[PDB]
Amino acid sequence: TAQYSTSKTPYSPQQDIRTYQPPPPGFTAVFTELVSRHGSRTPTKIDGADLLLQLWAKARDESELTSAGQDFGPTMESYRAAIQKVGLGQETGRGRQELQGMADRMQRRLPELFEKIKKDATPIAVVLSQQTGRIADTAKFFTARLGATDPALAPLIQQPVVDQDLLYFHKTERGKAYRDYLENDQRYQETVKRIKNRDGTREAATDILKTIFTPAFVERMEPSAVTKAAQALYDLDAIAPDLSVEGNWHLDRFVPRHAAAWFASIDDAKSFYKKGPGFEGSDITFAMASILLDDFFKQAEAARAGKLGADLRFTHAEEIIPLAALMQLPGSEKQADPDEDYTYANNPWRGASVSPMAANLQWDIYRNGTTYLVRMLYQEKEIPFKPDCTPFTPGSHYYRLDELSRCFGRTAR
């Protein structure tokens, strides 16, 4: 969907659902549960577009524009207007499409389950991090899709409730130790300063601006201004795919690919330490997410009682990223050696794969007799659990629920 957008990468499901593993003989879907980031969105701040527009205007007035720079003013004005029409930090039309596709594949993947839910009249729960905004709209896209397809399901979908400890823990008191770490830990702060002062930023920043402005114009700017405007342009280039329904402004014209890759790698490095697996032997960045892993288990165990048909949760990257680090999901299994800073070369973690827009985790809970199995979807790819969890059969993506409780330390056996 996009090559160097790290956590702005628009959502694409990572496996065709016709190629999921079939459930073992006589097992049937009895419960499913989901946590999802919001869909694609606009930038939360318009200030970078304006800095660039003001910068472009001065250069226009001085006749210091490149040939392609001529169309920057018109392009960015159009982009900015489209952003403001949707509203800053709001779901785009692509975010709507992302969540509708998730609902579609969920209903197509578990048709027997929704048959049961209607048959039992059990509720489908909708839980949010916040009452309003792009989180609430994200949920609504999904649930109105469930109901447009299956109008007999609609009266069973509950009204949304907010659980900030479960779905907003980086802001609640659950994240207090975490936030104090970001603010005061000297190893962390020095590592982020090291990332920020990587040699390369200045050259990539000048390469970005040189698509629009003459090199003499660039040289007249203050160096810190060069970096700030280039960061802004790259950020806006990076999120442009989120607005694909609203337009195509061809912003790659102004952000050379090697420079895009450079800024992407800086963002991933910072995000790895701030929100991802971070340093070897420390869980400071993701232990807060235990409440969310807990709930995936609690709800699955509670399916036995049969009072809930499904559980749909909606949240931010700041919950999904630590949930993945905590479960050691693919891409989040390698913490950093304090003596070897994260790079693309030595670590598989990437914003774009761990936490694109609408990044989501789903568990399908199957039942035969009183045996309960779980199958995990991550970005709708069927994935194994961490390797000390034993699958139901050799090579299976299905796991005994009491195996998962055991291997996650929740029970002894």
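Residue numbers here begin at 1 and follow the sequence given.
Averaged over Cα atoms, the B-factor as recorded in the entry is higher for 116 to 124 than for the other of 241 to 249 and 116 to 124. The deposited model assigns a higher average Cα B-factor to 301 to 309 than to the other stretch when 284 to 292 and 301 to 309 are compared.
Going by the entry's values, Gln70 shows the largest Cα B-factor out of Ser353, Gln70, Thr42, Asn360. In the deposited coordinates, the residue among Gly278, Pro74, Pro322, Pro111 with the greatest CA B-factor is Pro111.
Compared with the other modelled residues of the chain, the Cα B-factor recorded for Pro223 ranks in the highest third.
In the PDB entry, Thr393 places in the highest third of its chain by CA B-factor. The PDB entry assigns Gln131 a C-alpha temperature factor belonging to the highest third of its chain's modelled residues. Placement of the Cα temperature factor of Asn346 within the chain: highest third of the modelled residues, per the deposited record. Ranked within its chain, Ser36 lands in the lowest third, by CA B factor from the PDB record.
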